[PDB]
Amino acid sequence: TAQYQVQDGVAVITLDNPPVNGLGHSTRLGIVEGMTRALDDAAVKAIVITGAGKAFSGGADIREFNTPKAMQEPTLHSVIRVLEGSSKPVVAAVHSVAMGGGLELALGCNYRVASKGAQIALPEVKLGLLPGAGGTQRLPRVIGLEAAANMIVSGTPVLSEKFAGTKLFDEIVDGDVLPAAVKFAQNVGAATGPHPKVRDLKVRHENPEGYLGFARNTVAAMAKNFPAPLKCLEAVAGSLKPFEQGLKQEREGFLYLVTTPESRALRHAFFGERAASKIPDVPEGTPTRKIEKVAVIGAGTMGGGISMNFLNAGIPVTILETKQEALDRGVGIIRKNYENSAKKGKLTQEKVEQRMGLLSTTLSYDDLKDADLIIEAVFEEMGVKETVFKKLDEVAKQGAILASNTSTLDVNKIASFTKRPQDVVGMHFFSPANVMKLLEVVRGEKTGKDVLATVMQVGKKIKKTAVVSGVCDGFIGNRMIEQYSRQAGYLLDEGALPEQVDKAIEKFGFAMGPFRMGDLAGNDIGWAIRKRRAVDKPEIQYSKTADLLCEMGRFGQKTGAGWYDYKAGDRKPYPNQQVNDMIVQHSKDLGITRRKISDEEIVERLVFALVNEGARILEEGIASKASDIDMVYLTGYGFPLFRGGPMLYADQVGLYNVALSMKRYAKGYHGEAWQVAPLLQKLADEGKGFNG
């Protein structure tokens, strides 16, 4: 809504829709109703528009995105139209935040006055759109083409006081904006003659094609599969035309971006991060335990990684090791990670020391006595875990939460080594744990709901995207990546080589293909894993190619040699002759006439195996919703942000067509991998998606 108050011949319209005065329907209507009242009232000679609380306005109200109310009139286009055609002069009084539609509204007013320290932005590019209510046209008219292009392409905020000597603000003040804006309004409302409009100004620039040519290149190079940034630049270029043409060209830009799958993807990512925290049977308002101090068992790469997340947030950690060398080795790796980030400009050295100052080291379980959360990050062997969870079940205070960073061991079994299984939980971080955003939270059968609520809240405090998975081999991410890695192997049998598969799937948009990834993880890890599949009650086949590779001791980057070769301090993975002859021999030995596999088939086989298994995961309820699987693959596996995740991608492709492709692959090599998940078949039969 909008408050309306007359004071001293000035109507003040005050946007009020916390937390950021989102321009929702009721607020938009409110601004117009107020303007109607103001023009009607003879005593009112000028108008001030401002915002309550901690914003002028942060733009579109996100709680309206998917509603009709988003587009219900008056729209922002209609509101602005009302402000520009106002016979009485309109002064925007900006403070704190003026972003997106909020800036656009301010630019629609005759005059603008700001206080210092206000954040100014058009961030629409971050959602794959562009400023669609005149921003691309009015902004370059008040700050010039280059400054405007830069704000709009990048979406980055800029403090109000940095616009001194542009026309954006007619007066920049210290102190409160409103008093100064009312005084401003009083003067202008006592002159007549008509009042200026941003649309009458002209973008003056002495070589547009000079600049735009260079901007085109740098934007194209940085933009990489996102079409919004170039369209924003194009829209801004239109500010050189007469206002109405520019605006028509902007609207077309907007409507084109709105159709693109890339902005569908960014929107899915944005809302998926928010929906990740929702668990079907744990309602908001379920109360959480206070987590003030943390302990970690293990100072290896994970343990040291996990710890840094808590330190970065200001939460003290106590790392426990067996030996004083493993400790002082880990603490040194932590410190080397930080001082290093500091040289790349990610932190000051001061910040490094305040972080290291929150880290404690012990060799003894008695120091973990007042830790609210303890995270086990030790070797993957049930025997060792049993030792740690027994020692922890003695010491840990009553109410502490005990978590395992296991990625392969049964969380429920680790829990029954204690007499408080309701307090045990998976917290599966992803290597490197201080950079990868993904936290997989594994809910045990016994895990209490209060424990789950707490872990999610913690997740948020350490800036992870935390997704709840039930218990099964590989949880959500690894269970899916196994099916993907199986198709990769099978593609080698049939006629692919590692570099070929990696390059195809990297061009599709993965950060790193299956072979490069296995080389980075350590190919032996997977070797260990598969060897307890044929042991345990399954007989799922894999291509023997990865076994063979490991029988040569080509374990990856750690041995200097995996599917490729690696030379020191050199980023390139070099294709290896011994590996590629092994792959070609193996095909010879299997009876297979190797053939030419298309990049399209590589991608389809790999990505559709993620989708098939994701569909079984949803049917089993190991993930509560499809957007969570997507969030796992964006934040854990380097699935391209521009496609939104495997499950959104399959919907974009169309489930009916994904199903058909699968039935064709059911007839080729290892056809049993391509039976169609029943949930996928059913959604395909009914013309629905996983997401919508």
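Position 1 is the first residue in the sequence shown; the rest follow in order.
- Higher mean CA temperature factor between 454-462 and 409-417: 409-417, per the PDB entry.
- Between 204-212 and 103-111, it is 204-212 that carries the larger average Cα temperature factor according to the deposited entry.
- Of all the options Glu161, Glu252, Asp502, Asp367, the entry's greatest CA B-factor is assigned to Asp367.
- You'll see in the entry that, of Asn478, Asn580, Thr288, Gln137, the Cα B factor peaks at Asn580.
- Compared with the other modelled residues of the chain, the Cα B-factor recorded for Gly58 ranks in the lowest third.
- Sorting the modelled residues of the chain by their CA temperature factor places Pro68 in the highest third.
- Residue-level temperature factors show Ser627 in the lowest third of its chain, judged at the C-alpha atom.
- Sort the chain's modelled residues by C-alpha temperature factor and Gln652 lands in the middle third, per the entry.
- Sort the chain's modelled residues by C-alpha temperature factor and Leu127 lands in the lowest third, per the entry.
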